[PDB]
file my_file14.cif (mmCIF, C-alpha atoms; chains and numbers go by the auth columns)
data_coords
#
loop_
_atom_site.group_PDB
_atom_site.id
_atom_site.type_symbol
_atom_site.label_atom_id
_atom_site.label_comp_id
_atom_site.label_asym_id
_atom_site.label_seq_id
_atom_site.Cartn_x
_atom_site.Cartn_y
_atom_site.Cartn_z
_atom_site.B_iso_or_equiv
_atom_site.auth_seq_id
_atom_site.auth_asym_id
ATOM 1 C CA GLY A 1 -3.920 -12.530 -10.663 0.00 284 S
ATOM 2 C CA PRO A 2 -1.297 -14.359 -8.603 0.00 285 S
ATOM 3 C CA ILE A 3 -0.461 -13.151 -5.120 0.00 286 S
ATOM 4 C CA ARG A 4 2.993 -11.513 -5.214 0.00 287 S
ATOM 5 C CA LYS A 5 5.572 -10.590 -2.593 0.00 288 S
ATOM 6 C CA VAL A 6 7.349 -7.320 -3.374 0.00 289 S
ATOM 7 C CA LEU A 7 10.260 -5.566 -1.631 0.00 290 S
ATOM 8 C CA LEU A 8 10.363 -1.774 -1.273 0.00 291 S
ATOM 9 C CA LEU A 9 13.344 0.242 0.015 0.00 292 S
ATOM 10 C CA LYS A 10 12.398 3.593 1.616 0.00 293 S
ATOM 11 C CA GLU A 11 14.665 6.204 3.171 0.00 294 S
ATOM 12 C CA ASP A 12 13.555 7.854 6.415 0.00 295 S
ATOM 13 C CA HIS A 13 12.854 11.255 4.813 0.00 296 S
ATOM 14 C CA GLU A 14 10.378 9.733 2.325 0.00 297 S
ATOM 15 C CA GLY A 15 6.865 8.389 2.213 0.00 298 S
ATOM 16 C CA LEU A 16 5.912 5.247 0.303 0.00 299 S
ATOM 17 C CA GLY A 17 4.969 7.129 -2.860 0.00 300 S
ATOM 18 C CA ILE A 18 1.487 5.677 -3.298 0.00 301 S
ATOM 19 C CA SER A 19 -2.105 6.729 -2.989 0.00 302 S
ATOM 20 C CA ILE A 20 -4.522 4.223 -1.494 0.00 303 S
ATOM 21 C CA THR A 21 -8.285 4.024 -1.543 0.00 304 S
ATOM 22 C CA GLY A 22 -10.813 1.575 -0.133 0.00 305 S
ATOM 23 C CA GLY A 23 -11.026 -0.178 3.202 0.00 306 S
ATOM 24 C CA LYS A 24 -13.229 -2.574 5.102 0.00 307 S
ATOM 25 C CA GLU A 25 -15.849 0.044 5.960 0.00 308 S
ATOM 26 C CA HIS A 26 -16.458 0.417 2.209 0.00 309 S
ATOM 27 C CA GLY A 27 -16.403 -3.313 1.481 0.00 310 S
ATOM 28 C CA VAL A 28 -13.361 -3.065 -0.783 0.00 311 S
ATOM 29 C CA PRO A 29 -9.668 -3.872 -0.274 0.00 312 S
ATOM 30 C CA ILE A 30 -6.923 -1.375 0.331 0.00 313 S
ATOM 31 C CA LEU A 31 -6.170 -0.531 -3.308 0.00 314 S
ATOM 32 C CA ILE A 32 -3.266 1.341 -4.876 0.00 315 S
ATOM 33 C CA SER A 33 -4.800 4.128 -6.952 0.00 316 S
ATOM 34 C CA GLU A 34 -1.569 6.019 -7.705 0.00 317 S
ATOM 35 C CA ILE A 35 2.144 5.276 -7.961 0.00 318 S
ATOM 36 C CA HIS A 36 3.959 8.600 -7.690 0.00 319 S
ATOM 37 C CA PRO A 37 6.847 8.964 -10.136 0.00 320 S
ATOM 38 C CA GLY A 38 10.336 8.685 -8.691 0.00 321 S
ATOM 39 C CA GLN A 39 9.197 7.876 -5.137 0.00 322 S
ATOM 40 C CA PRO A 40 9.937 4.541 -3.397 0.00 323 S
ATOM 41 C CA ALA A 41 7.044 2.457 -4.756 0.00 324 S
ATOM 42 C CA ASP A 42 7.857 3.503 -8.321 0.00 325 S
ATOM 43 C CA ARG A 43 11.560 2.814 -7.761 0.00 326 S
ATOM 44 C CA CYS A 44 10.982 -0.685 -6.350 0.00 327 S
ATOM 45 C CA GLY A 45 9.445 -1.723 -9.682 0.00 328 S
ATOM 46 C CA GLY A 46 6.922 -4.258 -8.403 0.00 329 S
ATOM 47 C CA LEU A 47 3.913 -2.199 -7.219 0.00 330 S
ATOM 48 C CA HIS A 48 1.248 -0.974 -9.633 0.00 331 S
ATOM 49 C CA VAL A 49 -2.030 0.889 -9.826 0.00 332 S
ATOM 50 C CA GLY A 50 -4.860 -1.563 -9.261 0.00 333 S
ATOM 51 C CA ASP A 51 -2.889 -3.754 -6.852 0.00 334 S
ATOM 52 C CA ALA A 52 -4.704 -4.686 -3.635 0.00 335 S
ATOM 53 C CA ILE A 53 -2.426 -4.617 -0.591 0.00 336 S
ATOM 54 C CA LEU A 54 -3.059 -7.831 1.300 0.00 337 S
ATOM 55 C CA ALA A 55 -0.314 -7.401 3.900 0.00 338 S
ATOM 56 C CA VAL A 56 2.741 -5.319 4.780 0.00 339 S
ATOM 57 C CA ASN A 57 5.631 -6.730 6.826 0.00 340 S
ATOM 58 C CA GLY A 58 3.344 -9.621 7.773 0.00 341 S
ATOM 59 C CA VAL A 59 0.489 -7.400 8.990 0.00 342 S
ATOM 60 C CA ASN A 60 -2.769 -8.440 7.343 0.00 343 S
ATOM 61 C CA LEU A 61 -4.587 -5.554 5.685 0.00 344 S
ATOM 62 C CA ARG A 62 -7.413 -7.608 4.182 0.00 345 S
ATOM 63 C CA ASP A 63 -9.941 -6.547 6.841 0.00 346 S
ATOM 64 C CA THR A 64 -8.544 -3.147 7.809 0.00 347 S
ATOM 65 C CA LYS A 65 -10.448 0.122 7.701 0.00 348 S
ATOM 66 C CA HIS A 66 -8.984 2.891 5.572 0.00 349 S
ATOM 67 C CA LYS A 67 -7.405 4.919 8.398 0.00 350 S
ATOM 68 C CA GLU A 68 -6.168 1.775 10.159 0.00 351 S
ATOM 69 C CA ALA A 69 -4.283 0.924 6.951 0.00 352 S
ATOM 70 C CA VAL A 70 -2.822 4.418 6.699 0.00 353 S
ATOM 71 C CA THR A 71 -1.430 4.149 10.239 0.00 354 S
ATOM 72 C CA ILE A 72 -0.011 0.681 9.683 0.00 355 S
ATOM 73 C CA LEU A 73 1.506 1.515 6.292 0.00 356 S
ATOM 74 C CA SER A 74 3.053 4.830 7.354 0.00 357 S
ATOM 75 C CA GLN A 75 4.716 3.158 10.379 0.00 358 S
ATOM 76 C CA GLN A 76 6.886 0.886 8.236 0.00 359 S
ATOM 77 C CA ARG A 77 10.525 1.875 7.682 0.00 360 S
ATOM 78 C CA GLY A 78 13.474 0.837 5.554 0.00 361 S
ATOM 79 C CA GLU A 79 13.147 -2.536 3.819 0.00 362 S
ATOM 80 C CA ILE A 80 9.420 -3.163 3.584 0.00 363 S
ATOM 81 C CA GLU A 81 7.778 -6.339 2.277 0.00 364 S
ATOM 82 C CA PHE A 82 4.391 -6.103 0.555 0.00 365 S
ATOM 83 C CA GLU A 83 1.979 -8.900 -0.279 0.00 366 S
ATOM 84 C CA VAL A 84 -0.152 -7.711 -3.198 0.00 367 S
ATOM 85 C CA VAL A 85 -2.485 -8.948 -5.925 0.00 368 S
ATOM 86 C CA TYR A 86 -3.810 -7.426 -9.120 0.00 369 S
ATOM 87 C CA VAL A 87 -7.434 -8.332 -9.786 0.00 370 S
ATOM 88 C CA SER B 1 -12.476 8.952 -5.968 0.00 3 K
ATOM 89 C CA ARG B 2 -15.429 6.628 -5.307 0.00 4 K
ATOM 90 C CA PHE B 3 -14.132 6.228 -1.768 0.00 5 K
ATOM 91 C CA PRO B 4 -11.655 8.314 0.260 0.00 6 K
ATOM 92 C CA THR B 5 -8.049 8.443 -0.942 0.00 7 K
ATOM 93 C CA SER B 6 -4.918 8.995 1.134 0.00 8 K
ATOM 94 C CA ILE B 7 -1.460 9.882 -0.158 0.00 9 K
ATOM 95 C CA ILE B 8 1.173 7.972 1.828 0.00 10 K
#
call {"tool": "encode", "arguments": {"input": "my_file14.cif", "output": "structure tokens"}}
result
Amino acid sequence: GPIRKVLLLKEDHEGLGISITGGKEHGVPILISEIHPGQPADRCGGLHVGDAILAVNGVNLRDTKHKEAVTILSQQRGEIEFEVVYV
Amino acid sequence: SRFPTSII
């Protein structure tokens, strides 16, 4: 599908509210496998199961290993911009 | 999951 830019608002006591799978070491993108109900990703409205996360706050995640992506994603705070695509 | 999954 089309590449999309999506804004997520997270408070400091919260996680993102997603599960991710995949990573470069497995030859697949960082993929959203779950959107947890009522948490920030669900509330933002624009992130969905099956979306590949291409970048977050301008940091490319296309070639990142799984744990690299976890570190990068969990570091982001507040108003967080995602670049995603559903394939 | 086919590959590892992390909740974040």
call {"tool": "closest_residue", "arguments": {"input": "my_file14.cif", "among": "S:310, S:284, S:321, S:361", "to": "chain K", "atoms": "all atoms listed in the file"}}
result
S:310
call {"tool": "resolve_selection", "arguments": {"input": "my_file14.cif", "expression": "the PyMOL selection byres ((chain K and resi 7) around 8)", "output": "JSON, numbers by chain"}}
result
{"S": [302, 303, 304, 305], "K": [3, 5, 6, 8, 9]}
call {"tool": "closest_residue", "arguments": {"input": "my_file14.cif", "among": "S:324, S:318, S:348, S:370", "to": "residue S:286", "atoms": "only C-alpha atoms"}}
result
S:370
call {"tool": "interface_residues", "arguments": {"input": "my_file14.cif", "of": "chain S", "to": "chain K", "cutoff": "10 Å", "atoms": "all atoms listed in the file", "output": "VMD selection string"}}
result
chain S and resid 297 to 306 309 311 313 to 319 349 to 350 352 to 354 356 to 357
call {"tool": "atom_distance", "arguments": {"input": "my_file14.cif", "atom1": "atom CA of residue S:328", "atom2": "atom CA of residue S:359"}}
result
18.3 Å
call {"tool": "closest_residue", "arguments": {"input": "my_file14.cif", "among": "S:342, S:332, S:327, S:337", "to": "residue S:285", "atoms": "only C-alpha atoms"}}
result
S:337
call {"tool": "resolve_selection", "arguments": {"input": "my_file14.cif", "expression": "the PyMOL selection byres ((chain S and resi 346) around 8)", "output": "list in words"}}
result
residues 306, 307, 312, 343, 344, 345, 347 and 348 of chain S
call {"tool": "atom_distance", "arguments": {"input": "my_file14.cif", "atom1": "atom CA of residue S:292", "atom2": "atom CA of residue S:351"}}
result
22.0 Å
call {"tool": "resolve_selection", "arguments": {"input": "my_file14.cif", "expression": "the PyMOL selection byres ((chain S and resi 287) around 8)", "output": "list in words"}}
result
residues 285, 286, 288, 289, 366, 367 and 368 of chain S
call {"tool": "closest_residue", "arguments": {"input": "my_file14.cif", "among": "S:291, S:296, S:369, S:355", "to": "residue S:333", "atoms": "all atoms listed in the file"}}
result
S:369
call {"tool": "atom_distance", "arguments": {"input": "my_file14.cif", "atom1": "atom CA of residue S:362", "atom2": "atom CA of residue S:308"}}
result
29.2 Å
call {"tool": "decode", "arguments": {"input": "my_file14.cif", "residues": "stretch 306-337 of chain S", "atoms": "N, CA, C and O atoms", "output": "PDB file, in the first residue's frame"}}
result
ATOM      1  N   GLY S 306      12.628  -8.315  11.729  1.00  0.00           N
ATOM      2  CA  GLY S 306      13.945  -7.728  11.880  1.00  0.00           C
ATOM      3  C   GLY S 306      14.897  -8.229  10.813  1.00  0.00           C
ATOM      4  O   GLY S 306      14.717  -9.294  10.221  1.00  0.00           O
ATOM      5  N   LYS S 307      15.939  -7.446  10.579  1.00  0.00           N
ATOM      6  CA  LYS S 307      16.865  -7.723   9.498  1.00  0.00           C
ATOM      7  C   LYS S 307      17.488  -9.111   9.567  1.00  0.00           C
ATOM      8  O   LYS S 307      17.705  -9.740   8.525  1.00  0.00           O
ATOM      9  N   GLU S 308      17.761  -9.596  10.772  1.00  0.00           N
ATOM     10  CA  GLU S 308      18.410 -10.897  10.911  1.00  0.00           C
ATOM     11  C   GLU S 308      17.510 -12.035  10.429  1.00  0.00           C
ATOM     12  O   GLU S 308      17.983 -13.145  10.164  1.00  0.00           O
ATOM     13  N   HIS S 309      16.218 -11.751  10.301  1.00  0.00           N
ATOM     14  CA  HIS S 309      15.238 -12.722   9.821  1.00  0.00           C
ATOM     15  C   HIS S 309      14.812 -12.444   8.384  1.00  0.00           C
ATOM     16  O   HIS S 309      13.987 -13.168   7.832  1.00  0.00           O
ATOM     17  N   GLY S 310      15.344 -11.378   7.797  1.00  0.00           N
ATOM     18  CA  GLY S 310      15.014 -11.022   6.429  1.00  0.00           C
ATOM     19  C   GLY S 310      13.590 -10.526   6.255  1.00  0.00           C
ATOM     20  O   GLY S 310      13.027 -10.634   5.160  1.00  0.00           O
ATOM     21  N   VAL S 311      13.005  -9.978   7.315  1.00  0.00           N
ATOM     22  CA  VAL S 311      11.678  -9.379   7.209  1.00  0.00           C
ATOM     23  C   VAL S 311      11.649  -8.051   7.948  1.00  0.00           C
ATOM     24  O   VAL S 311      12.447  -7.836   8.849  1.00  0.00           O
ATOM     25  N   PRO S 312      10.739  -7.146   7.556  1.00  0.00           N
ATOM     26  CA  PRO S 312      10.698  -5.833   8.214  1.00  0.00           C
ATOM     27  C   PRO S 312      10.265  -5.932   9.668  1.00  0.00           C
ATOM     28  O   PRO S 312       9.809  -6.982  10.144  1.00  0.00           O
ATOM     29  N   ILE S 313      10.433  -4.830  10.384  1.00  0.00           N
ATOM     30  CA  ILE S 313       9.796  -4.686  11.679  1.00  0.00           C
ATOM     31  C   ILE S 313       8.293  -4.548  11.434  1.00  0.00           C
ATOM     32  O   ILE S 313       7.837  -3.564  10.830  1.00  0.00           O
ATOM     33  N   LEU S 314       7.529  -5.541  11.875  1.00  0.00           N
ATOM     34  CA  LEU S 314       6.101  -5.613  11.593  1.00  0.00           C
ATOM     35  C   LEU S 314       5.283  -5.504  12.869  1.00  0.00           C
ATOM     36  O   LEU S 314       5.611  -6.135  13.885  1.00  0.00           O
ATOM     37  N   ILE S 315       4.188  -4.745  12.810  1.00  0.00           N
ATOM     38  CA  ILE S 315       3.250  -4.687  13.921  1.00  0.00           C
ATOM     39  C   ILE S 315       2.381  -5.937  13.905  1.00  0.00           C
ATOM     40  O   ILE S 315       1.640  -6.181  12.947  1.00  0.00           O
ATOM     41  N   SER S 316       2.482  -6.745  14.949  1.00  0.00           N
ATOM     42  CA  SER S 316       1.679  -7.964  15.026  1.00  0.00           C
ATOM     43  C   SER S 316       0.497  -7.819  15.974  1.00  0.00           C
ATOM     44  O   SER S 316      -0.441  -8.613  15.912  1.00  0.00           O
ATOM     45  N   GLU S 317       0.535  -6.818  16.850  1.00  0.00           N
ATOM     46  CA  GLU S 317      -0.575  -6.534  17.757  1.00  0.00           C
ATOM     47  C   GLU S 317      -0.692  -5.041  18.000  1.00  0.00           C
ATOM     48  O   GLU S 317       0.315  -4.342  18.111  1.00  0.00           O
ATOM     49  N   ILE S 318      -1.935  -4.571  18.084  1.00  0.00           N
ATOM     50  CA  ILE S 318      -2.261  -3.237  18.588  1.00  0.00           C
ATOM     51  C   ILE S 318      -3.060  -3.459  19.867  1.00  0.00           C
ATOM     52  O   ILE S 318      -4.157  -4.023  19.824  1.00  0.00           O
ATOM     53  N   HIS S 319      -2.526  -3.052  21.005  1.00  0.00           N
ATOM     54  CA  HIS S 319      -3.178  -3.360  22.271  1.00  0.00           C
ATOM     55  C   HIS S 319      -4.286  -2.362  22.594  1.00  0.00           C
ATOM     56  O   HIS S 319      -4.089  -1.148  22.515  1.00  0.00           O
ATOM     57  N   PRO S 320      -5.479  -2.868  22.929  1.00  0.00           N
ATOM     58  CA  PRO S 320      -6.628  -1.956  23.031  1.00  0.00           C
ATOM     59  C   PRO S 320      -6.451  -0.899  24.111  1.00  0.00           C
ATOM     60  O   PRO S 320      -6.031  -1.206  25.232  1.00  0.00           O
ATOM     61  N   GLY S 321      -6.768   0.340  23.754  1.00  0.00           N
ATOM     62  CA  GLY S 321      -6.745   1.446  24.691  1.00  0.00           C
ATOM     63  C   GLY S 321      -5.388   2.078  24.961  1.00  0.00           C
ATOM     64  O   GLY S 321      -5.309   3.084  25.671  1.00  0.00           O
ATOM     65  N   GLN S 322      -4.320   1.490  24.423  1.00  0.00           N
ATOM     66  CA  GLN S 322      -2.970   2.017  24.619  1.00  0.00           C
ATOM     67  C   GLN S 322      -2.653   3.028  23.496  1.00  0.00           C
ATOM     68  O   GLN S 322      -3.498   3.246  22.622  1.00  0.00           O
ATOM     69  N   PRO S 323      -1.479   3.690  23.534  1.00  0.00           N
ATOM     70  CA  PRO S 323      -1.303   4.826  22.611  1.00  0.00           C
ATOM     71  C   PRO S 323      -1.432   4.545  21.116  1.00  0.00           C
ATOM     72  O   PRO S 323      -1.990   5.395  20.402  1.00  0.00           O
ATOM     73  N   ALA S 324      -0.948   3.413  20.628  1.00  0.00           N
ATOM     74  CA  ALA S 324      -1.070   3.122  19.205  1.00  0.00           C
ATOM     75  C   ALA S 324      -2.529   2.969  18.782  1.00  0.00           C
ATOM     76  O   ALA S 324      -2.933   3.477  17.721  1.00  0.00           O
ATOM     77  N   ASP S 325      -3.328   2.297  19.609  1.00  0.00           N
ATOM     78  CA  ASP S 325      -4.748   2.164  19.340  1.00  0.00           C
ATOM     79  C   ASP S 325      -5.406   3.546  19.331  1.00  0.00           C
ATOM     80  O   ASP S 325      -6.194   3.870  18.425  1.00  0.00           O
ATOM     81  N   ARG S 326      -5.090   4.356  20.341  1.00  0.00           N
ATOM     82  CA  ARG S 326      -5.700   5.675  20.465  1.00  0.00           C
ATOM     83  C   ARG S 326      -5.352   6.611  19.310  1.00  0.00           C
ATOM     84  O   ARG S 326      -6.171   7.448  18.928  1.00  0.00           O
ATOM     85  N   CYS S 327      -4.159   6.480  18.735  1.00  0.00           N
ATOM     86  CA  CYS S 327      -3.762   7.400  17.666  1.00  0.00           C
ATOM     87  C   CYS S 327      -4.562   7.175  16.388  1.00  0.00           C
ATOM     88  O   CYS S 327      -4.676   8.075  15.561  1.00  0.00           O
ATOM     89  N   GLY S 328      -5.096   5.967  16.215  1.00  0.00           N
ATOM     90  CA  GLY S 328      -5.997   5.663  15.111  1.00  0.00           C
ATOM     91  C   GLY S 328      -5.394   5.239  13.777  1.00  0.00           C
ATOM     92  O   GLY S 328      -6.093   4.681  12.927  1.00  0.00           O
ATOM     93  N   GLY S 329      -4.101   5.479  13.588  1.00  0.00           N
ATOM     94  CA  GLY S 329      -3.486   5.290  12.286  1.00  0.00           C
ATOM     95  C   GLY S 329      -2.508   4.140  12.143  1.00  0.00           C
ATOM     96  O   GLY S 329      -1.904   4.001  11.076  1.00  0.00           O
ATOM     97  N   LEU S 330      -2.335   3.329  13.189  1.00  0.00           N
ATOM     98  CA  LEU S 330      -1.417   2.183  13.160  1.00  0.00           C
ATOM     99  C   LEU S 330      -2.197   0.880  13.270  1.00  0.00           C
ATOM    100  O   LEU S 330      -3.093   0.761  14.117  1.00  0.00           O
ATOM    101  N   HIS S 331      -1.846  -0.100  12.441  1.00  0.00           N
ATOM    102  CA  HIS S 331      -2.632  -1.325  12.354  1.00  0.00           C
ATOM    103  C   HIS S 331      -1.779  -2.569  12.237  1.00  0.00           C
ATOM    104  O   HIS S 331      -0.644  -2.514  11.769  1.00  0.00           O
ATOM    105  N   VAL S 332      -2.340  -3.693  12.668  1.00  0.00           N
ATOM    106  CA  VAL S 332      -1.669  -4.972  12.523  1.00  0.00           C
ATOM    107  C   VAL S 332      -1.348  -5.209  11.055  1.00  0.00           C
ATOM    108  O   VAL S 332      -2.193  -5.005  10.180  1.00  0.00           O
ATOM    109  N   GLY S 333      -0.114  -5.613  10.785  1.00  0.00           N
ATOM    110  CA  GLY S 333       0.316  -5.852   9.422  1.00  0.00           C
ATOM    111  C   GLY S 333       1.128  -4.701   8.865  1.00  0.00           C
ATOM    112  O   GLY S 333       1.771  -4.855   7.825  1.00  0.00           O
ATOM    113  N   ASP S 334       1.089  -3.540   9.525  1.00  0.00           N
ATOM    114  CA  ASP S 334       1.934  -2.420   9.110  1.00  0.00           C
ATOM    115  C   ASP S 334       3.416  -2.736   9.351  1.00  0.00           C
ATOM    116  O   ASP S 334       3.791  -3.255  10.417  1.00  0.00           O
ATOM    117  N   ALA S 335       4.256  -2.432   8.369  1.00  0.00           N
ATOM    118  CA  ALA S 335       5.702  -2.436   8.549  1.00  0.00           C
ATOM    119  C   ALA S 335       6.116  -1.046   9.005  1.00  0.00           C
ATOM    120  O   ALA S 335       5.657  -0.039   8.447  1.00  0.00           O
ATOM    121  N   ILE S 336       6.969  -0.982  10.022  1.00  0.00           N
ATOM    122  CA  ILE S 336       7.488   0.299  10.494  1.00  0.00           C
ATOM    123  C   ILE S 336       8.777   0.606   9.757  1.00  0.00           C
ATOM    124  O   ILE S 336       9.808  -0.049   9.972  1.00  0.00           O
ATOM    125  N   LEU S 337       8.708   1.599   8.879  1.00  0.00           N
ATOM    126  CA  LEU S 337       9.847   1.984   8.064  1.00  0.00           C
ATOM    127  C   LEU S 337      10.763   2.950   8.793  1.00  0.00           C
ATOM    128  O   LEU S 337      11.972   2.915   8.593  1.00  0.00           O
TER     129      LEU S 337
END
